[PDB]
Protein chains: 4
Amino acid sequence: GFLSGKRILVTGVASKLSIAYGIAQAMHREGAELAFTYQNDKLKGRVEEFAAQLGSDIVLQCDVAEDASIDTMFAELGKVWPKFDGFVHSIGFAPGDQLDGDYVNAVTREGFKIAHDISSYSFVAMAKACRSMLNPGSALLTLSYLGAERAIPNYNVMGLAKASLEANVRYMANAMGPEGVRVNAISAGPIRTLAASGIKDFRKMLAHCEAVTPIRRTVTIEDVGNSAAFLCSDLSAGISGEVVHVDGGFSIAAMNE
Amino acid sequence: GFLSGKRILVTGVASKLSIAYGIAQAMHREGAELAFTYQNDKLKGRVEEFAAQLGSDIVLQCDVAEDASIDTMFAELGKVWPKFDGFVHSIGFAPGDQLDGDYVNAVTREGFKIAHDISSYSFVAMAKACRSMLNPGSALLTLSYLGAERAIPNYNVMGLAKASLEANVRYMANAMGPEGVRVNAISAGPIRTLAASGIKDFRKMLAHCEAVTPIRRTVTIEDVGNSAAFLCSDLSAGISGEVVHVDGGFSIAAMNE
Amino acid sequence: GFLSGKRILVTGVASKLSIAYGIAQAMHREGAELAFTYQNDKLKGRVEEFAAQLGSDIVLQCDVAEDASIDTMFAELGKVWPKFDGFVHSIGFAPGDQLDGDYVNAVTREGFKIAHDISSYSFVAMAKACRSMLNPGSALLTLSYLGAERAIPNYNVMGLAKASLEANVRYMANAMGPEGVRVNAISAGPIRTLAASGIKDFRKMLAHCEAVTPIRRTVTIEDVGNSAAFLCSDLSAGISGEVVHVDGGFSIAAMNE
Amino acid sequence: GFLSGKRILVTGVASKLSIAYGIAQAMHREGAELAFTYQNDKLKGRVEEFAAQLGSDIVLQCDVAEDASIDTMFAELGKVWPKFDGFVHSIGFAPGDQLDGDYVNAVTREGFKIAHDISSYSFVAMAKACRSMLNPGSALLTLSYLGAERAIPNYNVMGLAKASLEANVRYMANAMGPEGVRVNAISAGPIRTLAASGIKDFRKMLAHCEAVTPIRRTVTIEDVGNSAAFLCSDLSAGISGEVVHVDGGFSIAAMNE
Ligand SMILES: NC(=O)c1ccc[n+]([C@@H]2O[C@H](COP(=O)([O-])OP(=O)(O)OC[C@H]3O[C@@H](n4cnc5c(N)ncnc54)[C@H](O)[C@@H]3O)[C@@H](O)[C@H]2O)c1
Ligand SMILES: NC(=O)c1ccc[n+]([C@@H]2O[C@H](COP(=O)([O-])OP(=O)(O)OC[C@H]3O[C@@H](n4cnc5c(N)ncnc54)[C@H](O)[C@@H]3O)[C@@H](O)[C@H]2O)c1
Ligand SMILES: NC(=O)c1ccc[n+]([C@@H]2O[C@H](COP(=O)([O-])OP(=O)(O)OC[C@H]3O[C@@H](n4cnc5c(N)ncnc54)[C@H](O)[C@@H]3O)[C@@H](O)[C@H]2O)c1
Ligand SMILES: NC(=O)c1ccc[n+]([C@@H]2O[C@H](COP(=O)([O-])OP(=O)(O)OC[C@H]3O[C@@H](n4cnc5c(N)ncnc54)[C@H](O)[C@@H]3O)[C@@H](O)[C@H]2O)c1
Ligand SMILES: Oc1cc(Cl)ccc1Oc1ccc(Cl)cc1Cl
Ligand SMILES: Oc1cc(Cl)ccc1Oc1ccc(Cl)cc1Cl
Ligand SMILES: Oc1cc(Cl)ccc1Oc1ccc(Cl)cc1Cl
Ligand SMILES: Oc1cc(Cl)ccc1Oc1ccc(Cl)cc1Cl
């Protein structure tokens with residue numbers, strides 16, 4: 001596969017529906033050696049099982065709300081992978097009350113702070129912590145959504161956090177490019193995952209996209225996984241600082257209704 | 001003037017160099033009645049003096065880091081302006097250590113949090129607090145910078161905070177439009193102000209822009225003020241959720257060097 | 001008014017519904033001296049009448065498909081206005097068969113050529129012809145539509161012509177800025193005009209926009225006219241090469257349905 | 001390879017420096033069966049030789065300025081490939097006088113017409129002609145440049161033609177997606193090719209990009225070729241209507257100087 005010889009860390013697997021799960025599958029298929037993190041014990045079991053199926057026994061705990069947790073996870077990873085080739089950041093969070101109803105009425109200073117901290121700061125927090133461990137030719141990848149570009153009902157403060165994240169991708173790419181590290185994002189279309197259930201009326205968003213997307217279907221975690229594998233491989237050596245839309249063309253059409 | 005009959009609150013005046021000062025001047029010239037806020041006692045004197053020169057005696061303290069301070073300022077403003085027509089948000093902040101050198105090395109969880117809280121959350125915090133006091137036809141305005149769209153050396157975490165702010169403009173415009181409130185931003189080119197001195201090599205950024213901007217000069221607080229007055233007036237009734245570049249065309253050219 | 005002392009040429013008035021008509025009204029209200037062009041004799045009468053109502057007796061024929069017609073019109077204008085302050089380009093055209101049905105099936109080499117020639121090339125053709133007649137501080141303005149940015153059903157080849165036009169705005173602004181000329185565009189939302197009737201299902205586009213636009217109404221030629229007056233005045237001295245959306249926020253929202 | 005079983009037509013090979021040459025090499029490496037076109041006899045020899053080295057004996061003449069030439073080439077291709085999986089459009093042209101100096105002074109109605117006809121219309125002209133021959137799952141690809149988005153000195157009218165081309169990509173993707181065809185573009189950074197020598201001061205553009213691009217080197221035809229192979233493969237099934245920047249991050253940074 002085109003990922004043979006690469007060692008990549010994958011965050012965010014919570015279930016078989018997880019976008020990170022589709023990404024891990026595609027990268028394994030292409031020959032990458034993988035390592036996984038899990039947020040807490042509530043998820044340790046499932047992640048350990050999935051990692052086994054994908055030939056990996058490197059499963060480490062990591063809660064990105066804490067600098068100490070990130071530093072410890074990398075010190076542990078370093079015992080087996082003193083150097084590696086990048087990681088996939090597939091993590092997002094905002095308190096549930098933030099994602100329902102009128103945005104101005106729903107947002108709070110605390111909800112805003114947590115959404116940006118976990119959904120955007122954590123990406124550069126991880127890069128800071130493992131910077132000296134990355135091989136030249138390494139690639140970092142995060143996942144965004146159209147809500148960063150347009151106002152979407154109910155997505156609310158997560159939209160602002162994703163806009164901060166896309167800017168993060170550009171500043172990170174500009175800072176780390178000289179040492180040989182590329183940084184990109186995939187702006188994925190709507191997919192039924194555990195976290196998606198937290199967005200009010202998500203099922204309605206899904207049906208709408210299916211009807212108006214140029215390719216006439218919503219994307220799958222396999223579609224996203226294949227794109228992620230490409231973006232973390234040497235085949236995309238000429239691409240950095242980019243937000244690639246993997247939504248079947250939904251965002252470039254208007255009034256298809 | 002085209003602002004006759006409008007009552008507008010202006011935040012951010014710190015000196016005669018302040019963009020908010022140029023905005024206040026232009027709005028006064030066009031007939032608006034004004035009210036001003038000041039961050040702390042270190043600035044109370046200058047703001048009181050400027051307000052007098054512009055025919056206003058409404059000068060209130062307001063530190064947007066605190067919900068209580070925002071609520072109190074509006075309760076006080078309500079004693080004289082039970083209803084009004086919008087406000088100008090010209091406030092930004094990030095700890096100084098954040099704006100020097102390599103972005104990944106300089107950014108910290110705390111610096112990131114403060115930058116987003118003061119530079120982006122505060123805009124919707126103010127709208128939440130005065131929502132019931134706005135007249136139909138009201139307009140809110142904030143100030144952004146190109147760093148939200150492109151990676152610019154030294155601007156660092158402020159770029160991410162401005163990206164969150166531009167997204168804020170869109171979600172706010174979408175939420176408040178039905179009740180008759182418009183929300184926009186001006187992305188201004190570089191101008192020598194007090195805060196600008198905190199950006200490493202700002203004088204270099206200024207000279208560069210002057211040489212490559214299509215109109216061959218950097219913009220002034222008068223240029224920005226005139227645009228702000230238009231965007232807060234009924235003359236721009238058809239514009240909401242927009243980020244207008246007032247940088248002399250700098251951002252739409254490349255390689256003019 | 002803020003246009004006092006300015007001499008502006010207005011193209012494209014075909015009826016009282018014309019966007020150019022709303023623009024002429026607003027500029028006259030703000031004090032500008034105006035001059036008008038008309039495409040052919042089929043329209044001469046109406047334009048002569050409107051010009052009179054707006055205190056102007058400068059009404060010249062000009063068909064932008066011909067270089068000779070443009071050169072002659074300016075030589076004639078020069079007899080009364082040896083120098084002037086800019087013009088409004090409110091002209092578009094594509095053969096009717098191009099605007100109905102599947103884009104790939106409808107487009108032809110000839111339809112494509114005519115659409116780009118009349119809708120985009122004509123803007124720089126006029127600037128080339130009157131370049132030596134423009135006063136420093138002059139401003140040129142054209143009208144675009146969201147179809148330049150997103151694929152919209154039935155708009156078809158006009159979308160490509162508008163994309164070429166928006167690029168034209170940037171190259172023109174970059175080339176003419178050093179001599180003191182600004183160039184911008186307004187991307188207007190849907191408005192019932194004579195030309196609009198040529199777009200299949202235009203009435204459907206109008207109703208849809210009204211329902212999902214943040215300000216909850218479609219824009220009027222007065223909204224566009226007011227913005228145009230501002231953009232051609234010295235109040236927008238800091239703005240060049242920009243495409244300003246005057247569509248009530250329609251383009252920055254998604255899934256409001 | 002991930003292109004095994006795909007039959008792709010490649011246009012634009014003129015020499016070993018050609019972007020189309022790098023694309024053909026990468027696609028051959030990944031298992032695609034290829035076919036090539038050549039503009040005229042001046043190029044027939046070189047193309048025949050290259051095609052042989054890549055295991056292909058399908059080399060057909062095609063000048064996209066003529067509808068008849070396009071129809072004939074496809075009728076001939078149909079004798080060997082009654083159905084196929086897409087094509088690569090790597091064709092551009094504008095008269096040389098258009099690419100030197102001030103844009104407004106250099107552009108002519110004829111130069112503008114030819115630039116748009118050959119550089120943008122030809123892409124949809126080819127799709128129209130072979131539409132019934134494409135297998136479900138097919139993908140079309142064209143090559144663009146940053147000049148479509150920003151004003152770049154000397155690129156002049158080609159910038160407008162590339163803006164029309166990027167819009168073409170979106171309208172084509174929207175029209176053909178329902179039948180299973182994806183359409184995308186790669187916006188490549190500067191590369192020394194035969195056509196590049198026609199741009200005044202191209203060597204200066206190249207050195208500048210090398211110094212300020214995040215990855216600190218200009219991209220190669222191999223970088224572009226690898227991205228093109230991915231975008232024409234089933235691995236990018238979730239991507240359509242997109243313009244992917246393969247310029248090492250150059251466009252997302254500002255003032256790196
Ligand atoms: N689902 C969609 O339609 C969609 C669309 C675009 C983007 N995304 C993005 O894709 C990513 C993955 O989401 P998903 O839909 O696969 O959801 P998911 O619920 O399968 O995964 C989200 C993951 O975030 C992790 N997470 C949350 N807080 C964390 C913390 N403090 N520390 C460590 N991990 C934490 C969870 O443990 C979980 O594995 C997110 O960035 C999301 O915003 C999803
Ligand atoms: N100066 C430039 O070139 C430029 C370019 C683009 C945008 N801007 C933006 O314009 C706005 C005004 O900046 P400026 O350059 O006029 O600077 P300035 O230093 O004159 O004004 C900044 C203001 O922010 C206020 N402020 C900071 N923290 C605050 C808090 N907690 N509560 C209340 N007020 C607080 C200060 O008191 C001060 O009045 C900012 O949003 C800035 O990001 C400036
Ligand atoms: N109507 C809308 O909803 C809308 C939305 C966005 C942009 N626009 C743009 O606004 C401009 C004005 O359109 P409108 O809707 O007011 O239509 P309209 O039919 O009132 O005006 C179009 C004008 O184009 C002129 N014209 C066409 N070919 C010409 C030629 N060869 N030479 C000289 N003049 C020529 C006509 O004479 C007419 O005055 C166009 O650029 C159009 O694309 C309209
Ligand atoms: N070279 C760069 O730095 C760069 C950057 C971005 C985009 N591009 C684009 O990549 C494509 C390929 O350019 P290149 O640099 O490889 O140049 P090149 O000179 O190697 O190839 C250009 C090709 O266009 C073909 N062509 C021109 N007119 C034609 C006509 N009427 N019919 C058929 N074929 C015709 C030529 O025969 C030639 O093979 C163009 O679209 C160009 O705009 C090049
Ligand atoms: O970003 C997303 C976008 C979509 Cl359409 C669906 C799910 C997404 O992911 C999340 C949404 C809300 C929260 Cl609280 C956490 C996550 Cl991970
Ligand atoms: O956003 C800005 C952009 C520029 Cl070019 C100059 C000054 C700016 O404003 C600030 C920059 C840094 C900090 Cl700490 C605070 C503020 Cl108000
Ligand atoms: O650009 C437009 C956009 C809209 Cl929504 C409505 C009308 C427009 O203007 C035209 C549309 C088609 C043709 Cl043939 C000519 C013109 Cl002037
Ligand atoms: O688009 C291009 C962009 C760059 Cl930076 C270099 C070469 C390019 O390609 C061309 C440029 C001019 C002409 Cl006349 C023809 C072609 Cl193919």
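Atoms within a ligand are numbered from 1 in the order they appear, just like the ligands themselves. Side chains included, hydrogens not; waters and symmetry mates left out as well; all remaining heavy atoms used. Here is the naming used below: chain letters follow the sequence lines, and residue numbers restart at 1 for every chain.
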Tell me the protein heavy atom at minimum distance from [atom], and give that distance in Å.
{"atom": "atom 34 (N) of ligand 2", "result": "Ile91(B) CG1, 3.7 Å"}
{"atom": "atom 13 (C) of ligand 6", "result": "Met158(B) CE, 4.0 Å"}
{"atom": "atom 4 (C) of ligand 7", "result": "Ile199(C) CD1, 3.7 Å"}
{"atom": "atom 43 (O) of ligand 2", "result": "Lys162(B) NZ, 2.8 Å"}
{"atom": "atom 44 (C) of ligand 2", "result": "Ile19(B) CD1, 3.4 Å"}
{"atom": "atom 22 (C) of ligand 2", "result": "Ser90(B) O, 4.0 Å"}

Exercise. Mind checking whether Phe50(C) and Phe36(C) have ring centres under 6.0 Å apart?
Worked result: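 No, too far apart.
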Polar-atom distance check: [X] versus ligand 2, any N or O pair below 3.5 Å?
{"X": "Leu17(B)", "answer": "no"}
{"X": "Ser18(B)", "answer": "yes"}
{"X": "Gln39(B)", "answer": "yes"}
{"X": "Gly12(B)", "answer": "yes"}
{"X": "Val64(B)", "answer": "yes"}
{"X": "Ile191(B)", "answer": "yes"}

Exercise. Would one find an N or O of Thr193(C), backbone or side chain, under 3.5 Å from an N or O of ligand 7?
Worked result: no
Exercise. Given the rule in the side-chain hydrogen bond (donor to acceptor under 3.5 Å, both in side chains) test, do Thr220(C) and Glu222(C) qualify, once you have shown the distances and angles that lead to the verdict?
Worked result: CA-CA 5 Å; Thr220(C) 66; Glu222(C) 285 77 25; 3.2 Å; yes
For this session: For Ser69(B) and ligand 2, answer yes if some heavy atom of the residue is under 4.0 Å from a ligand atom, otherwise no.
Result: no
Exercise. Short list, please: which atoms of ligand 6 are under 4.0 Å from a heavy atom of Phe202(B)?
Worked result: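 That gives atoms 5 (Cl), 6 (C) of ligand 6.
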Seminar exercise, completed: ligand 6 to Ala94(B), heavy atom cutoff 4.0 Å, flagged ligand atoms 14 (Cl)
Please state which part of [X] comes within less than 4.0 Å of ligand 2, counting heavy atoms only: side chain, backbone, both or neither.
{"X": "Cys62(B)", "value": "backbone"}
{"X": "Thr193(B)", "value": "side chain"}
{"X": "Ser187(B)", "value": "neither"}
{"X": "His89(B)", "value": "neither"}

Problem set entry | salt_bridge(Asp223(C), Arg217(C)) N-O dist < 4.0 Å | yes
Problem set entry | Side-chain ion pair, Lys162(C) and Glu166(C), N-O less than 4.0 Å |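 Salt bridge between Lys162(C) and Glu166(C), a charged N being under 4.0 Å from a carboxylate O: no.
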For the residue pair [Y] / [X], report whether a side-chain donor-acceptor contact shorter than 3.5 Å exists.
{"X": "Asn168(A)", "Y": "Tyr103(B)", "answer": "yes"}
{"X": "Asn256(A)", "Y": "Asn174(D)", "answer": "yes"}
{"X": "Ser164(B)", "Y": "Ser164(A)", "answer": "no"}
{"X": "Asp100(B)", "Y": "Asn154(B)", "answer": "no"}

For this session: Determine the interplanar angle of the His89(B) and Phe123(B) rings, folded into 0 to 90°, and report it as parallel if under 30°, tilted if 30 to 60°, perpendicular if over 60°.
Result: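 Tilted, since the angle between the ring planes falls between 30° and 60°.
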Exercise. Of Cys209(B), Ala188(B), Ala14(B), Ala195(B), which has the heavy atom at the shortest distance from atom 19 (O) of ligand 2?
Worked result: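 Minimum heavy-atom distance to atom 19 (O) of ligand 2 goes to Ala195(B).
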For this session: Please work out which of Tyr155(B), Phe93(B), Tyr145(B) has its closest non-hydrogen atom nearest to atom 1 (O) of ligand 6.
Result: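 Among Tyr155(B), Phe93(B), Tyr145(B), the closest heavy atom to atom 1 (O) of ligand 6 comes from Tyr155(B).
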Problem set entry | Numbered atoms and elements of ligand 7 in range of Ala195(C), under 4.0 angstrom, heavy atoms | 10 (C), 15 (C), 16 (C), 17 (Cl)
For this session: Enumerate the atoms of ligand 7 whose separation from the nearest heavy atom of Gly92(C) is less than 4.0 angstrom.
Result: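 Numbered from 1, ligand 7 contributes 15 (C), 17 (Cl).
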Output the distance between atom [atom1] ([X]) and atom [atom2] ([Y]), rounded to the nearest 0.5 Å.
{"X": "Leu160(C)", "Y": "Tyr121(D)", "atom1": "CG", "atom2": "OH", "answer": "11.0 Å"}
{"X": "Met205(C)", "Y": "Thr218(C)", "atom1": "CE", "atom2": "OG1", "answer": "11.5 Å"}
{"X": "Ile23(B)", "Y": "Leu34(B)", "atom1": "CD1", "atom2": "CG", "answer": "11.0 Å"}

Look only at the side chain of [X] and the backbone of [Y], and say whether a donor-acceptor pair between them is shorter than 3.5 Å.
{"X": "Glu242(B)", "Y": "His245(C)", "result": "yes"}
{"X": "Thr108(C)", "Y": "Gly111(C)", "result": "yes"}
{"X": "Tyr171(D)", "Y": "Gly147(C)", "result": "yes"}
{"X": "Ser119(C)", "Y": "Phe93(C)", "result": "yes"}
{"X": "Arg150(B)", "Y": "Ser251(B)", "result": "yes"}

Relative to the heavy atoms of [X], which atoms of ligand 2 are at a distance of less than 4.0 Å?
{"X": "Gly189(B)", "result": "3 (O), 5 (C)"}
{"X": "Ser144(B)", "result": "6 (C), 7 (C)"}
{"X": "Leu43(B)", "result": "37 (O)"}
{"X": "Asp63(B)", "result": "30 (C), 31 (N), 32 (N)"}
{"X": "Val13(B)", "result": "39 (O)"}
{"X": "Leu143(B)", "result": "9 (C), 10 (O), 41 (O)"}
{"X": "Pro190(B)", "result": "3 (O)"}

Exercise. Using heavy atoms and a threshold below 4.0 Å, how should the contact between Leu99(B) and ligand 6 be classified: side chain, backbone, both, or neither?
Worked result: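 Side chain only.
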For this session: Take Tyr155(B) and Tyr145(B) through the ring pair (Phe, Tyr, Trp, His ring centres under 6.0 Å) test and state the conclusion after the steps.
Result: CA-CA 10 Å; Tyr155(B) 200 61; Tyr145(B) 182 53; 5.1 Å; yes
